[PDB]
């Protein structure tokens, strides 16, 4: 964890593998950012983007908060 540009998320989807895989921030009807690995994008209307980046825990949704649930 460095700056506040931590890779956040919005959508979450995992698959049963070994170990399991987990791609979050799957689709977005706009554009991604520089917080993923490599995002594919269609600069055509309706704009579209995808993050082929995958992890093993699904980053939490965006807009964190210690009031909700974060120990």
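Per Swiss-Prot, chain A residues shown: 40-110, in order.
Per the header of the entry, the method used was solution NMR.
Just so you know, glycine gets a Cβ as well, placed from its N, Cα and C.
Record features, source Swiss-Prot:
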type	residues	note
DISULFID	47-101	disulfide bond
DISULFID	48-63	disulfide bond
DISULFID	51-97	disulfide bond
DISULFID	53-61	disulfide bond
DISULFID	71-78	disulfide bond
DISULFID	75-90	disulfide bond
DISULFID	80-88	disulfide bond
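A gap of 8 Å separates the Cα atoms of residue 80 (disulfide bond) and residue 71 (disulfide bond). Distance between Cα atoms for residue 78 (disulfide bond) and residue 101 (disulfide bond): 18 Å, as a whole number.
Here residue 88 (disulfide bond) is compared against the disulfide-bonded residues 47, 61, 63, 71, and the shortest C-alpha distance is to 71. In sequence order, 59, 60, 61, 62, 97 make up the list of same-chain residues 6 or more apart from residue 53 (disulfide bond) whose Cβ falls under 8 Å from its Cβ.
The sparsest Cβ neighbourhood within 10 Å, among the listed disulfide-bonded residues (48, 71, 88, 101), is found at 101. The DSSP secondary structure for residue 88 (disulfide bond) is strand.
On the backbone, the CA of residue 75 (disulfide bond) and the CA of residue 47 (disulfide bond) stand 9 Å apart. Of all the disulfide-bonded residues listed here (48, 51, 63, 71, 90), 48 has the Cα closest to the Cα of residue 101 (disulfide bond).
Residue 75 (disulfide bond) falls outside any helix or strand according to DSSP and counts as coil.
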